[PDB]
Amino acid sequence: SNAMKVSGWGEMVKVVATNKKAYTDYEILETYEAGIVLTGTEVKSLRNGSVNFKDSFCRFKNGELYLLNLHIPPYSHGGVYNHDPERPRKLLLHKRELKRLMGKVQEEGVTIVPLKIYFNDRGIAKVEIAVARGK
């Protein structure tokens, strides 16, 4: 299901996936909010609250950060338009954030893990990611 929350400023978020294993197994050092480009069928499937982060991870490729092996199930009515459930998905961050994360992800024992997927007060999909170390 979908976890709804209105902030003290009247802004609504809809959390559709939470990486509970990352919260239990890692020390969260720093968090960032990334945008993400999703297809229409992916948005429909995310709104059904059935996505989890099992097997997913973040990796840089050519200076861009990707969320890899997140499984978003097919949309029931997508047919030939259904997305690739595990396509690589680029995370959209500020250049200054990307530069810092490229350094942090090279330190030993430090990795970049996805934490949450949610739709913000404009209806835009976001991924919260973290610089994290194993407990």
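Residue positions are given as counts along the sequence shown, with the first one as 1.
Trainee: I need to verify one thing: averaged over C-alpha atoms only, is the B-factor higher for 88-96 or for 48-56?
Mentor: Between 48-56 and 88-96, it is 48-56 that shows the higher mean C-alpha B-factor.
Trainee: Determine, for stretches 98-106 and 69-77, which one has the higher mean CA B-factor as deposited.
Mentor: Looking at the recorded C-alpha B-factors, 98-106 comes out higher on average.
Trainee: If I read the C-alpha B-factors straight from the PDB entry, which of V43, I28, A34, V37 is highest?
Mentor: Max CA B-factor in the entry, restricted to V43, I28, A34, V37: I28.
Trainee: Please place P114 in the lowest, middle or highest third of its chain by C-alpha B factor as given in the entry.
Mentor: CA B-factor rank for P114: middle third.
Trainee: Would you mind checking where the Cα B-factor of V131 ranks among the modelled residues of its chain, as the lowest, middle or highest third?
Mentor: It falls in the middle third of the chain.
Trainee: If you rank the chain by CA B-factor, which third does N19 end up in: lowest, middle or highest?
Mentor: It falls in the middle third of the chain.
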